[PDB]
$ cat coords-v7.cif   # mmCIF, C-alpha atoms
data_input
loop_
_atom_site.label_atom_id
_atom_site.label_comp_id
_atom_site.auth_asym_id
_atom_site.auth_seq_id
_atom_site.Cartn_x
_atom_site.Cartn_y
_atom_site.Cartn_z
CA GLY W 30 -24.38 -15.89 -27.10
CA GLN W 31 -21.41 -17.66 -25.54
CA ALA W 32 -19.63 -14.37 -24.80
CA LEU W 33 -22.75 -12.86 -23.24
CA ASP W 34 -23.24 -16.08 -21.26
CA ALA W 35 -19.74 -15.79 -19.80
CA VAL W 36 -20.39 -12.12 -19.06
CA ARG W 37 -23.63 -13.17 -17.36
CA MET W 38 -22.06 -15.77 -15.09
CA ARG W 39 -19.11 -13.57 -14.14
CA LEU W 40 -21.32 -10.54 -13.43
CA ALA W 41 -23.66 -12.78 -11.43
CA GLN W 42 -20.79 -13.94 -9.22
CA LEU W 43 -19.62 -10.33 -8.91
CA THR W 44 -23.11 -9.32 -7.76
CA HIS W 45 -23.07 -12.25 -5.33
CA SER W 46 -19.78 -11.00 -3.88
CA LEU W 47 -21.29 -7.51 -3.61
CA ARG W 48 -24.29 -8.96 -1.74
CA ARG W 49 -21.82 -10.77 0.53
CA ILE W 50 -19.72 -7.73 1.42
CA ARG W 51 -23.02 -5.89 1.91
CA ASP W 52 -24.53 -8.27 4.43
CA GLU W 53 -21.27 -8.51 6.36
CA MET W 54 -21.00 -4.72 6.47
CA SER W 55 -24.65 -4.24 7.49
CA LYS W 56 -23.97 -5.79 10.90
CA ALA W 57 -23.98 -3.36 13.82
CA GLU W 58 -20.54 -4.67 14.86
CA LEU W 59 -17.56 -4.31 12.53
CA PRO W 60 -15.58 -7.56 12.05
CA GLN W 61 -11.80 -7.82 12.18
CA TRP W 62 -9.74 -5.65 9.83
CA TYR W 63 -8.16 -8.63 8.07
CA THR W 64 -11.47 -10.16 6.97
CA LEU W 65 -12.44 -6.79 5.51
CA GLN W 66 -9.14 -6.65 3.60
CA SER W 67 -9.65 -10.16 2.25
CA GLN W 68 -13.19 -9.38 1.10
CA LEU W 69 -12.08 -6.07 -0.42
CA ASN W 70 -9.20 -7.61 -2.37
CA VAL W 71 -11.24 -10.58 -3.60
CA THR W 72 -14.19 -8.47 -4.75
CA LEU W 73 -11.95 -5.82 -6.29
CA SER W 74 -9.84 -8.30 -8.26
CA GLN W 75 -13.12 -9.89 -9.34
CA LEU W 76 -14.17 -6.47 -10.63
CA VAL W 77 -10.86 -6.36 -12.52
CA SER W 78 -11.70 -9.72 -14.10
CA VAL W 79 -15.14 -8.35 -14.98
CA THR W 80 -13.55 -5.38 -16.74
CA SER W 81 -11.03 -7.55 -18.60
CA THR W 82 -13.62 -10.05 -19.83
CA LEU W 83 -15.98 -7.26 -20.90
CA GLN W 84 -13.01 -5.82 -22.79
CA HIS W 85 -12.31 -9.15 -24.50
CA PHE W 86 -15.75 -9.67 -26.07
CA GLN W 87 -16.77 -6.17 -27.20
CA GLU W 88 -17.50 -7.38 -30.73
CA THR W 89 -20.10 -9.95 -29.67
CA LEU W 90 -21.89 -7.45 -27.43
CA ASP W 91 -21.87 -4.77 -30.14
CA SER W 92 -23.13 -7.16 -32.83
CA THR W 93 -26.20 -8.04 -30.76
CA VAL W 94 -29.32 -5.96 -31.46
CA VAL W 95 -31.82 -5.32 -28.66
CA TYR W 96 -35.49 -6.04 -29.34
CA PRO W 97 -38.47 -6.55 -27.00
CA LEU W 98 -40.33 -9.85 -26.97
CA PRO W 99 -43.57 -10.19 -28.94
CA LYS W 100 -45.01 -11.94 -25.87
CA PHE W 101 -43.66 -9.30 -23.47
CA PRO W 102 -46.46 -6.77 -22.84
CA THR W 103 -45.27 -3.16 -22.88
CA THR W 104 -48.66 -1.71 -21.89
CA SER W 105 -48.33 -3.08 -18.35
CA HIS W 106 -44.51 -3.21 -18.04
CA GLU W 107 -43.54 0.05 -19.75
CA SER W 108 -42.07 1.33 -16.47
CA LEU W 109 -39.91 -1.79 -16.17
CA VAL W 110 -38.82 -1.46 -19.81
CA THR W 111 -37.88 2.20 -19.33
CA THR W 112 -35.97 1.32 -16.15
CA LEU W 113 -33.56 -0.94 -18.05
CA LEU W 114 -33.60 1.23 -21.18
CA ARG W 115 -32.15 4.35 -19.54
CA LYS W 116 -28.36 4.64 -19.59
CA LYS W 117 -27.38 8.23 -18.73
CA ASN W 118 -24.71 8.47 -16.03
CA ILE W 119 -25.42 9.60 -12.48
CA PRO W 120 -25.00 13.40 -12.41
CA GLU W 121 -22.33 13.60 -9.70
CA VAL W 122 -19.84 11.63 -11.82
CA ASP W 123 -20.74 13.95 -14.72
CA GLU W 124 -19.81 17.20 -13.02
CA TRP W 125 -16.94 15.23 -11.46
CA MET W 126 -15.15 14.76 -14.75
CA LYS W 127 -16.31 18.22 -15.86
CA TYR W 128 -14.37 19.79 -12.98
CA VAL W 129 -11.54 17.32 -13.65
CA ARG W 130 -11.27 18.50 -17.27
CA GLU W 131 -11.59 22.12 -16.14
CA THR W 132 -8.66 21.69 -13.74
CA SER W 133 -6.59 19.81 -16.33
CA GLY W 134 -7.31 22.37 -19.06
CA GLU W 143 0.97 20.36 -32.91
CA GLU W 144 1.86 21.62 -29.44
CA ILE W 145 -0.26 18.95 -27.75
CA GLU W 146 1.30 16.28 -29.97
CA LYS W 147 4.86 17.31 -29.14
CA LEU W 148 4.03 17.37 -25.43
CA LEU W 149 2.66 13.87 -26.03
CA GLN W 150 5.95 12.68 -27.55
CA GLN W 151 7.84 14.45 -24.75
CA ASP W 152 5.75 12.39 -22.33
CA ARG W 153 6.66 9.31 -24.38
CA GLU W 154 10.37 10.00 -24.02
CA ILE W 155 10.07 10.80 -20.30
CA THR W 156 8.22 7.50 -19.77
CA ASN W 157 10.83 5.50 -21.68
CA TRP W 158 13.69 7.29 -19.92
CA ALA W 159 12.20 6.69 -16.47
CA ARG W 160 11.61 3.01 -17.25
CA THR W 161 15.21 2.59 -18.41
CA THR W 162 16.51 4.52 -15.39
CA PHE W 163 14.68 2.30 -12.92
CA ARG W 164 15.81 -0.82 -14.79
CA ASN W 165 19.38 0.44 -14.38
CA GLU W 166 18.80 1.21 -10.69
CA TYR W 167 17.40 -2.28 -10.11
CA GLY W 168 20.37 -3.80 -11.92
CA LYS W 169 22.84 -1.74 -9.89
CA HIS W 170 22.19 -3.60 -6.62
CA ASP W 171 22.01 -7.39 -6.36
CA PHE W 172 18.56 -8.25 -5.00
CA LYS W 173 19.04 -12.04 -4.98
CA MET R 1 21.25 -1.16 34.06
CA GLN R 2 21.49 -3.65 31.20
CA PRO R 3 24.87 -4.95 30.01
CA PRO R 4 26.32 -2.86 27.16
CA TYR R 5 25.88 -5.50 24.44
CA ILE R 6 22.10 -5.16 24.67
CA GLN R 7 22.58 -1.39 24.62
CA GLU R 8 24.30 -1.28 21.24
CA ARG R 9 21.87 -3.93 19.98
CA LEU R 10 18.94 -1.65 20.79
CA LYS R 11 20.80 1.34 19.34
CA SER R 12 21.28 -0.57 16.07
CA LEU R 13 17.60 -1.56 16.04
CA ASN R 14 16.56 2.06 16.64
CA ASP R 15 18.80 3.11 13.76
CA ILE R 16 17.00 0.45 11.70
CA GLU R 17 13.52 1.86 12.20
CA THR R 18 14.77 5.44 11.78
CA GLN R 19 16.23 4.37 8.43
CA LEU R 20 12.87 2.81 7.53
CA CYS R 21 11.15 6.12 8.36
CA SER R 22 13.68 7.94 6.18
CA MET R 23 12.93 5.51 3.35
CA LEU R 24 9.20 6.21 3.66
CA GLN R 25 9.85 9.96 3.68
CA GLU R 26 12.05 9.74 0.58
CA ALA R 27 9.32 7.69 -1.10
CA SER R 28 7.01 10.61 -0.33
CA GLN R 29 9.34 13.14 -1.94
CA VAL R 30 9.95 10.98 -5.02
CA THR R 31 6.20 10.51 -5.47
CA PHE R 32 5.86 14.28 -5.09
CA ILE R 33 8.54 15.09 -7.67
CA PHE R 34 7.24 12.61 -10.26
CA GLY R 35 3.96 14.54 -10.35
CA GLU R 36 5.50 17.77 -11.58
CA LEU R 37 7.88 15.79 -13.80
CA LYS R 38 4.76 14.46 -15.50
CA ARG R 39 3.41 18.03 -15.50
CA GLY R 40 6.16 19.11 -17.89
CA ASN R 41 8.86 21.21 -16.20
CA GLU R 42 12.34 19.78 -16.79
CA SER R 43 14.22 21.85 -14.19
CA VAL R 44 13.86 19.25 -11.42
CA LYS R 45 14.81 16.41 -13.77
CA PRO R 46 18.41 16.08 -12.40
CA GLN R 47 17.11 15.78 -8.83
CA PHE R 48 15.09 12.72 -9.86
CA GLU R 49 18.14 10.52 -10.45
CA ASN R 50 19.62 11.50 -7.08
CA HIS R 51 16.34 10.84 -5.26
CA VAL R 52 15.88 7.43 -6.90
CA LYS R 53 19.47 6.38 -6.18
CA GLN R 54 19.30 7.49 -2.54
CA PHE R 55 15.92 5.77 -2.13
CA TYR R 56 17.26 2.46 -3.43
CA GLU R 57 20.47 2.65 -1.39
CA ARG R 58 18.39 3.43 1.72
CA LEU R 59 16.13 0.45 1.00
CA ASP R 60 19.03 -1.98 0.53
CA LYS R 61 21.47 -1.37 3.39
CA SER R 62 18.70 -1.16 5.99
CA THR R 63 17.55 -4.67 5.12
CA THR R 64 21.20 -5.74 5.04
CA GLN R 65 21.78 -4.47 8.59
CA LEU R 66 18.58 -6.13 9.79
CA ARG R 67 19.81 -9.35 8.19
CA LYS R 68 23.05 -8.93 10.14
CA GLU R 69 21.04 -8.54 13.36
CA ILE R 70 19.01 -11.69 12.68
CA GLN R 71 22.28 -13.48 11.94
CA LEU R 72 23.64 -12.25 15.29
CA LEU R 73 20.61 -13.93 16.85
CA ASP R 74 21.88 -17.21 15.38
CA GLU R 75 25.23 -17.25 17.21
CA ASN R 76 24.04 -15.38 20.30
CA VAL R 77 22.31 -18.53 21.61
CA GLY R 78 24.47 -20.19 24.23
CA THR R 79 26.00 -16.88 25.33
CA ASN R 87 14.75 -15.83 40.57
CA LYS R 88 18.55 -15.74 40.55
CA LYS R 89 18.58 -12.45 42.48
CA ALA R 90 16.51 -14.11 45.22
CA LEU R 91 19.43 -16.47 45.91
CA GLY R 92 21.25 -13.45 47.31
CA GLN R 93 18.30 -11.14 47.86
CA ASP R 94 17.76 -11.94 51.53
CA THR R 95 21.50 -11.56 52.06
CA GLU R 96 21.59 -8.01 50.74
CA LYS R 97 18.50 -7.18 52.79
CA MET R 98 20.32 -8.59 55.80
CA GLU R 99 23.29 -6.35 55.10
CA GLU R 100 21.31 -3.14 54.86
CA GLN R 101 19.39 -3.87 58.04
CA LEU R 102 22.59 -4.19 60.05
CA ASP R 103 23.82 -0.97 58.44
CA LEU R 104 20.72 0.73 59.82
CA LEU R 105 21.52 -0.70 63.25
CA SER R 106 24.98 0.85 62.99
CA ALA R 107 23.37 4.22 62.27
CA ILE R 108 21.13 3.61 65.27
CA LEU R 109 24.04 2.38 67.39
CA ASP R 110 26.17 5.51 66.87
CA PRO R 111 24.38 8.67 68.09
CA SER R 112 27.01 10.96 66.51
CA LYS R 113 26.01 9.93 62.96
CA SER R 114 22.28 10.68 63.38
CA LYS R 115 22.44 14.23 62.08
#
$ encode --input "coords-v7.cif" --output "structure tokens"
Amino acid sequence: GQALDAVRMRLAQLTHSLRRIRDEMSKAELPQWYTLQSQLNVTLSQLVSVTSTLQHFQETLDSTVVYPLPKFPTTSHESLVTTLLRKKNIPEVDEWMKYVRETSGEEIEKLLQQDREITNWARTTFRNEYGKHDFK
Amino acid sequence: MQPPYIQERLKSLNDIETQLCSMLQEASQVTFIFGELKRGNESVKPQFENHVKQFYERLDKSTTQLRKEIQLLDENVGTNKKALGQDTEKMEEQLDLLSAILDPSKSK
């Protein structure tokens, strides 16, 4: 419950930041560019923290089993239950990665290791380039 | 016109921003080339080293030259005034006009 509690508080503050950026964008007059950058960076790094913390506690979330309350009436709130129950993605993202995979399209494994060696080589090359010139 | 010193100062500054533009352009080409390098054709691999080296050497010496300019600012300290003579020069030209008026052989 502790992990889900931390997820709750962090997601609540993320939703609060979203409500903020919403009600300062809803104005008919656009504020200064710099305030928009500050709000963007803060909210976006907060989203990063959301992702990282959700990553950290996957085991606690998975272990939990969902069950409706005995006191909760489904006869009158079945629509509300179904609203939270549904999880299928929005369609546009679906065909989005479908076209993405269409465009992308032992052989695969050796290309994978070739990518490994290119990555390592590029990292070493840029380390050497940084070391070549004194930046301090 | 301005004294020459300001002229080469502004030339050096213009060179500075042109070098910055060249650095941005070379960043564009290196970002371009890395894409196909990730794609998997090794022909343009040698060009990558040259592009990276030229990009870094363009980034460094530009900042170095700008640092030299800001340093020049440090020792350049200590190194209507025209109005004080302005009326005088006006005076001069007016009398010149009188001369042109005074001589009828020069009014042609």
$ atom_distance --input "coords-v7.cif" --atom1 "CA of residue 27 in chain R" --atom2 "CA of residue 57 in chain R"
12.2 Å
$ residues_around --input "coords-v7.cif" --residues "residue 82 in chain W" --least-positions-apart "3" --cutoff "10 Å" --atoms "all atoms listed in the file" --output "list in words"
residues 32, 35, 36, 39, 76, 77, 78, 79, 85, 86 and 87 of chain W
$ write_last_selection --input "coords-v7.cif" --atoms "C-alpha atoms" --output "CSV table (one decimal), keeping the file's coordinate frame"
chain,number,residue,atom,x,y,z
W,32,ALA,CA,-19.6,-14.4,-24.8
W,35,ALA,CA,-19.7,-15.8,-19.8
W,36,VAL,CA,-20.4,-12.1,-19.1
W,39,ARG,CA,-19.1,-13.6,-14.1
W,76,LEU,CA,-14.2,-6.5,-10.6
W,77,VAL,CA,-10.9,-6.4,-12.5
W,78,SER,CA,-11.7,-9.7,-14.1
W,79,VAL,CA,-15.1,-8.4,-15.0
W,85,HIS,CA,-12.3,-9.2,-24.5
W,86,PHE,CA,-15.8,-9.7,-26.1
W,87,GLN,CA,-16.8,-6.2,-27.2
$ interface_residues --input "coords-v7.cif" --of "chain R" --to "chain W" --cutoff "12 Å" --atoms "only C-alpha atoms" --output "number ranges by chain"
R: 34, 37-42, 45-46, 48-61, 63-64
$ closest_residue --input "coords-v7.cif" --among "W:150, W:132, W:55, W:68" --to "residue 43 in chain W" --atoms "all atoms listed in the file"
W:68
$ atom_distance --input "coords-v7.cif" --atom1 "CA of residue 83 in chain W" --atom2 "CA of residue 38 in chain W"
12.0 Å
$ atom_distance --input "coords-v7.cif" --atom1 "CA of residue 59 in chain W" --atom2 "CA of residue 71 in chain W"
18.4 Å
$ resolve_selection --input "coords-v7.cif" --expression "the PyMOL selection byres ((chain W and resi 97-100) around 12)" --output "list in words"
residues 94, 95, 96, 101, 102, 103, 104, 106, 107, 109, 110, 111, 113 and 114 of chain W
$ axis_aligned_box --input "coords-v7.cif" --around "range 88-105 of chain W" --padding-each-side "6 Å" --output "JSON"
{"center_x": -33.1, "center_y": -6.8, "center_z": -25.6, "size_x": 43.2, "size_y": 22.2, "size_z": 26.5}
$ residues_around --input "coords-v7.cif" --residues "residue 89 in chain W" --least-positions-apart "5" --cutoff "9 Å" --atoms "only C-alpha atoms" --output "PyMOL selection string"
chain W and resi 30-33
$ resolve_selection --input "coords-v7.cif" --expression "the PyMOL selection byres ((chain R and resi 65) around 12)" --output "ChimeraX atom specification"
/R:9,12-17,19-20,58-64,66-72
